[PDB]
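Chains as they are written, first to last, in PDB author numbering: chain W, 13 to 456; chain E, 122 to 382; chain F, 177 to 352; chain X, 212 to 370; chain D, 350 to 417.
One structure is given here, and the rest of the page talks about it.
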Amino acid sequence: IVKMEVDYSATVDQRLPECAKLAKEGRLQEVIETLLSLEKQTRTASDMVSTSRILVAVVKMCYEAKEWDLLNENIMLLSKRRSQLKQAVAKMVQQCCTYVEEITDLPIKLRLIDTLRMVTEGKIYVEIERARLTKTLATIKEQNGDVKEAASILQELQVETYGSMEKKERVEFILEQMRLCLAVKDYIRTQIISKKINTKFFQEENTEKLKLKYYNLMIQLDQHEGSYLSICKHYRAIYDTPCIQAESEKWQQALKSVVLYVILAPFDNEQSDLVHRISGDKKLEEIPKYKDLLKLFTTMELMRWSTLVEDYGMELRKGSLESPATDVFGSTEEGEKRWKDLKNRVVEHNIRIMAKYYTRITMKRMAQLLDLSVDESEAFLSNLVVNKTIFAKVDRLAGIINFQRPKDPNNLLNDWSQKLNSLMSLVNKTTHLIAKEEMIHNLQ
Amino acid sequence: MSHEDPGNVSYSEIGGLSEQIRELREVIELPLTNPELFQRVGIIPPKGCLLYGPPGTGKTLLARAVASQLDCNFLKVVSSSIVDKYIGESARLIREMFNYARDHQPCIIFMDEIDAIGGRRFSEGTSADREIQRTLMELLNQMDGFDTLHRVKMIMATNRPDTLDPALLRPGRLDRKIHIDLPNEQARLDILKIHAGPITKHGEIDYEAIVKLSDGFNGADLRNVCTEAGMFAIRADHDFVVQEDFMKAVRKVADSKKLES
Amino acid sequence: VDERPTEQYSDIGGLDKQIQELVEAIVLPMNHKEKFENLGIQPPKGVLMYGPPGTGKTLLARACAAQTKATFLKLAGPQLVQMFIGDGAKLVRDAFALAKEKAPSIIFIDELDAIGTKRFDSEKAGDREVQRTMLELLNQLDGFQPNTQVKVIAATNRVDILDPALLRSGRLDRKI
Amino acid sequence: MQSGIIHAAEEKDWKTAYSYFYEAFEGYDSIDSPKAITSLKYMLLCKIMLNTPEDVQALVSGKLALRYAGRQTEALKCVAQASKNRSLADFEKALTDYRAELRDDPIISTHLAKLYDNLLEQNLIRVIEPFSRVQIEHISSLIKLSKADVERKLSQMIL
Amino acid sequence: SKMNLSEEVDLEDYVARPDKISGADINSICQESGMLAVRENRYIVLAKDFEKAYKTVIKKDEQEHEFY
Ligand SMILES: Nc1ncnc2c1ncn2[C@@H]1O[C@H](COP(=O)(O)OP(=O)(O)O)[C@@H](O)[C@H]1O
Ligand SMILES: Nc1ncnc2c1ncn2[C@@H]1O[C@H](COP(=O)(O)OP(=O)(O)O)[C@@H](O)[C@H]1O
């Protein structure tokens with residue numbers, strides 16, 4: 013930073029070990045003070061290596077003489093005296109980081125927070141921040157997982173993540189803080205941090221247990237409130253990893269989970285695209301989920317869930333691995349919530365497929381097909397129409413429904429004329445065909 | 122824009138202080154790559170970094186090479202060329218060049234010489250008083266040039282960081298400075314090796330003896346050393362270059378710089 | 177532009193060591209260009225003859241061009257200061273273009289001291305506009321690095337009147 | 212405050228009325244208590260009229276709002292939570308629970324009645340799409356109201 | 350005020366200091382300074398944003414004490 017004026021390498025070499033011997037157990041503070049004077053001299057002479065060596069020797073003396081409080085105020089004075097040399101203080105903090113990790117003790121939490129306070133005066137991206145990150149992680153480990161330190165590691169990560177990350181260390185730190193966030197069971201902030209970090213991909217092509225760990229922490233976060241499409245998307249994103257690391261149990265359970273979720277997702281064009289892309293997988297055929305998807309994807313079949321719970325419901329009781337199945341529906345509270353989600357999901361699926369087939373269907377038959385009563389069926393019909401998914405008009409006093417838009421006479425006669433022109437073109441084509449075949453057949 | 126991204130393979134052609142190159146890349150690239158995170162969390166990305174070593178290792182060479190991981194277009198702009206007339210309206214030229222960077226959004230403005238000859242002659246304190254510093258404050262308040270939106274940084278390749286207006290090193294200022302000096306023995310032998318790379322002759326790999334005679338010689342001087350070895354060989358009209366040619370080149374350049382200094 | 181100079185090296189002299197040095201630095205990269213090519217060292221291009229007038233820089237340059245038997249283009253430096261905006265920049269651009277289009281040429285720019293100031297800025301003047309032309313020449317110096325052809329020869333009296341920007345390994349380097 | 216009043220009566224935009232009311236209250240910061248109360252009441256009324264009661268909680272949790280807290284302020288907070296719940300019945304309940312506190316005809320009763328009509332219309336339109344023909348007592352049952360008032364509102368809408 | 354209190358500007362920002370400049374600063378410049386609250390690191394605006402807005406594009410004209 014600033015040019016060296018007067019070096020004291022000879023002085024420190026000749027005196028520092030003698031000082032260490034003179035205060036082997038650290039009972040003398042005059043030694044600390046005189047090395048402070050020497051390093052002040054070298055600082056006014058603008059020497060960095062001598063000051064760094066003096067600070068390292070001071071903290072080493074404090075280590076060997078185990079005076080924890082005097083260490084705390086000593087390092088406070090060192091970091092606050094005039095700021096000294098940024099290189100030297102970054103060094104001293106680094107050896108303090110190396111030391112605090114080896115002795116368990118009770119007040120090493122106090123040591124960690126003291127160094128955190130010394131480094132949090134600023135100068136984070138500049139002059140070492142990995143030390144502060146490691147100290148926060150060490151605090152996490154010391155407190156064994158709680159909400160306060162989880163919030164701390166939440167609010168710490170951003171500056172270093174933006175400034176100077178590591179393709180492995182920084183992302184592992186992010187993964188080790190998001191899991192604490194989810195353990196705290198905060199959802200808004202955990203969602204925010206997950207969505208702000210997941211923009212950094214194109215390293216997962218060489219992941220070992222990193223993309224899968226991220227995804228298996230964010231599964232709970234998404235599925236906790238209402239997510240069902242991102243659920244299937246990142247479950248297939250964890251499915252494609254056993255493709256390069258073919259391990260049968262995890263592979264097959266991921267297949268089961270993704271097949272279940274993609275069907276369970278609310279109906280949309282994108283969900284249709286995903287289900288059609290999923291269907292036809294050569295490696296998907298050997299599981300009952302193959303039959304489940306083939307039945308429940310297309311051809312507008314009557315998805316009577318009362319029948320399905322035994323026709324294709326064997327995944328709840330016993331299947332090949334049935335572990336994702338037991339996670340989804342075999343659970344008690346969230347399991348029954350997902351059971352109800354299957355129930356309604358199939359109700360809207362039946363309503364939708366009935367929309368494109370039956371114009372007017374009686375209320376009793378529709379309720380019986382939806383496995384509910386008249387009022388529940390009309391409530392779900394209202395829930396669809398307010399979402400504009402279906403064009404439905406109901407007479408409630410008569411309880412009769414219609415799905416066809418009233419045909420305006422303009423386009424009615426237009427399609428009539430188009431039918432006429434189709435017939436005319438058919439007349440032309442048939443005339444040419446029969447005349448020419450007549451020619452070939454009377455060539456005799 | 123005059124200099125563009127292609128030809129950015131100098132990451133191996135720099136040789137010396139590869140750790141320094143790595144540190145500058147670590148400082149620069151991430152906001153240059155994904156600045157949106159900085160807006161997303163509410164933190165200001167850095168503006169650039171300062172480079173020392175007035176005649177030493179190629180600061181412009183580093184500017185070219187570090188943009189390898191950046192896929193950006195380095196621009197070699199001169200402080201005098203930016204200030205033109207000695208008026209505060211010199212900001213018009215900086216506006217034009219920043220608009221050029223904005224058009225070629227992935228860009229890094231490499232400054233040529235801000236502390237005009239930091240080793241001697243007139244510094245920031247002498248000659249033009251505060252004109253340089255006010256023009257730099259113009260680019261300083263430019264920092265709100267949509268840093269989140271704009272993939273533009275500015276590297277300050279000064280000669281000597283001695284007279285650099287310490288008011289321009291506070292947070293929000295240029296901030297980061299990376300230390301570059303005359304190459305050490307290791308960097309010197311490495312850059313000698315990379316200079317000799319294109320040269321395929323009999324010679325030897327006796328690089329340490331060459332280093333011994335040519336210690337404290339800048340990277341440009343060592344490139345000139347290799348060129349002088351080639352010149353000696355061709356003046357002899359010899360298709361061979363031996364360590365004696367290297368000795369002659371090193372002695373020639375050493376005597377030349379000794380007389381010129 | 178002289179199509180071909182006929183002045184011979186024998187009629188000039190006195191500075192024979194310097195003239196042989198610049199011959200090795202310029203004419204040899206023209207005749208034995210393949211020699212440099214197979215060696216792997218690209219010859220330098222920027223040669224700056226500094227010295228009081230009457231020292232034969234012009235005759236030496238034209239004789240060198242004749243020995244190269246290549247194209248020679250002379251630039252009248254002192255009259256490159258035109259009131260028209262970017263006029264000198266355009267002149268330099270098209271001069272380099274012509275040299276590139278016509279053989280490995282000799283770009284003999286005179287009055288390099290007139291072209292470039294020592295940045296001794298003052299209230300009377302500060303070389304505001306001519307700096308555009310100086311930068312244009314600087315940016316044109318690197319155009320012919322591959323196939324090292326078209327050499328640059330700048331003649332002046334006092335080298336010290338120039339800033340340490342034109343002086344570089346790839347730029348003007350051979351100060352004679 | 213008067214500019215906010217005029218703009219709130221104009222009803223083309225309420226965010227500028229919010230700005231003016233907040234400026235008036237900031238002028239009335241612990242200086243004139245009744246004018247401050249009126250300014251904050253109008254500010255919160257236009258804030259809920261913006262159909263954004265989510266910021267109401269923060270606004271009433273602000274230091275000055277707690278300083279000038281009162282029964283009318285709590286009634287307005289209850290009105291905001293009724294708007295959150297989209298329950299015209301809850302809005303009417305809050306108005307009855309604090310009637311005299313919000314009975315003021317100038318830009319208090321008028322705007323509360325306008326908002327009540329807005330919730331009535333929104334509830335009816337939100338529940339009316341499926342039905343090509345529905346019995347009005349069923350509609351009243353869904354809206355949790357009597358028959359005469361629901362019929363009168365649906366009429367006044369359709370006339 | 351157009352941008353509602355500069356989109357919820359903080360109280361400690363008042364223009365009394367950055368307006369009594371006697372530095373021309375035409376209404377166009379005033380609007381540009383107002384929109385120079387585009388620093389979206391936070392949801393509010395501080396006096397620092399106004400100071401930067403006034404600092405950018407400005408010419409130094411002062412010295413009324415001699416005339417008064
Ligand atoms: N470490 C190096 N490795 C290879 N070439 C170098 C090195 N340092 C300098 N050079 C050569 O010097 C020339 C210009 O360097 P420059 O950027 O002017 O250095 P400085 O700015 O320190 O004088 C380049 O063409 C480059 O080839
Ligand atoms: N070595 C020389 N031999 C013959 N004539 C010379 C020599 N040096 C200079 N001259 C004369 O000088 C004139 C060129 O002057 P000029 O080129 O302006 O000098 P400089 O190049 O030093 O400015 C020519 O007409 C030539 O006759």
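Note that beta-carbon positions come from the ideal geometry of N, C-alpha and C, so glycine has one too.
For the pair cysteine 74 of chain W and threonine 173 of chain W, the Cα-to-Cα distance works out to about 33 Å.
Taking a Cβ-Cβ cut-off of 9 Å, the neighbours of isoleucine 164 of chain E in chain W comprise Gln170, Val171, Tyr174, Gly175, given in sequence order.
Taking a Cβ-Cβ threshold of 8 Å, none of the residues of chain W is close to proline 245 of chain X; the smallest such distance is about 39 Å. For the pair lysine 364 of chain X and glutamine 333 of chain X, the Cα-to-Cα distance works out to about 11 Å.
With a cutoff of 9 Å on beta-carbon distance, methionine 352 of chain E and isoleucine 217 of chain F are scored as near each other.
Between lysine 274 of chain E and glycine 209 of chain E, the gap from beta carbon to beta carbon reaches 9 Å or more.
By the C-beta criterion, the segment 258–270 of chain E is judged not to be in contact with the segment 125–138 of chain E, since fewer than 3 inter-stretch pairs fall below 8 Å. Screening all residues for a C-beta within a distance smaller than 6 Å of any heavy atom in ligand 2 leaves F:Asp187, F:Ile188, F:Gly189, F:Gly190, F:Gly227, F:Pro229, F:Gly230, F:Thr231, F:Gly232, F:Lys233, F:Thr234, F:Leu235, F:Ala331, in chain order.
Proximity of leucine 151 of chain E to chain W, defined by a Cβ-Cβ separation below 9 Å, is satisfied.
If you compare the alpha carbons of E:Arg309, E:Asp192, E:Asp360, E:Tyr328 with that of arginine 146 of chain E, the shortest gap goes to E:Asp192. The straight-line gap separating the alpha-carbon atoms of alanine 252 of chain F and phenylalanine 284 of chain F is approximately 9 Å.
Interface criterion not met: the Cβ of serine 272 of chain X is under 9 Å from no Cβ in chain D. Flagged as an interface residue toward chain F: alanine 249 of chain E, by a C-beta distance shorter than 9 Å. Taken through DSSP and simplified to helix, strand or coil, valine 326 of chain F comes out as coil. Residue ranges of uninterrupted alpha helix (DSSP H) with 4 or more members, entirely inside the segment 277–326 of chain X and ordered along the chain, are 282–296, 299–308.
Scanning chain W for C-beta atoms nearer than 7 Å to the C-beta of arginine 272 of chain E yields nothing, as the closest lies near 15 Å away.
At a Cβ-Cβ threshold of 9 Å, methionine 16 of chain W and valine 68 of chain W do not count as neighbours.
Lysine 298 of chain E counts as buried, since no fewer than 16 other beta carbons sit within 10 angstroms of its beta carbon. Under a criterion of Cβ atoms nearer than 9 Å, the residues of chain X adjacent to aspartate 407 of chain W are, in order, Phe342, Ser343, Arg344, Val345. Annotated three-state conformation of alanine 331 of chain F is strand, per DSSP. Here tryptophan 263 of chain W is buried: its Cβ has 16 or more other Cβ atoms, across all protein chains shown, within 10 Å. Among the residues of the segment 392–410 of chain D, none has a Cβ less than 9 Å away from any Cβ of chain X. Distance from the Cα of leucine 311 of chain F is smallest, within the candidate group F:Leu224, F:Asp270, F:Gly264, F:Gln255, for F:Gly264. Judged by pairs of C-beta atoms under 8 Å, the segment 297–311 of chain E does not touch the segment 193–213 of chain E, as fewer than three such pairs exist.
By the Cβ criterion, the segment 229–246 of chain F is not in contact with the segment 295–305 of chain F, since fewer than three pairs of Cβ atoms, one from each stretch, lie closer than 8 Å. As the crow flies, the alpha-carbon of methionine 218 of chain E is around 16 Å from that of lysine 206 of chain E. At a threshold of 8 Å, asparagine 129 of chain E does not count as near ligand 1, since its beta carbon sits no closer than that to any of the ligand's heavy atoms.
Taking a cut-off of 8 Å on C-beta distances, the segment 333–345 of chain E does not touch the segment 356–365 of chain E, as fewer than three cross pairs fall below it. Exclusion of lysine 298 of chain E from the 8 Å shell around ligand 1 follows from its C-beta lying no nearer than that to any non-hydrogen atom of the ligand. Only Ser350, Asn353, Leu354, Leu360 from the segment 350–368 of chain D bring a Cβ to less than 8 Å from some Cβ of chain X. Contact with chain E is absent for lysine 266 of chain F, since none of that chain's Cβ atoms lies less than 9 Å from the residue's Cβ. If you draw a 10 Å sphere on the C-beta of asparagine 345 of chain E, you find 16 or more other C-beta atoms in it, and that means buried. Per the Cβ contact rule, the segment 440–452 of chain W is not in contact with the segment 359–369 of chain D (fewer than 3 Cβ pairs under 8 Å).
Every alpha helix (DSSP H) of 4 residues or more that sits fully in the segment 246–334 of chain E is shown, in chain order, as 252–262, 306–317, 328–334.
For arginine 142 of chain W, no pairing in a beta bridge is given by DSSP. Residue side-chain check: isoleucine 301 of chain E places its Cβ nearer than 8 Å to a non-hydrogen atom of ligand 1.
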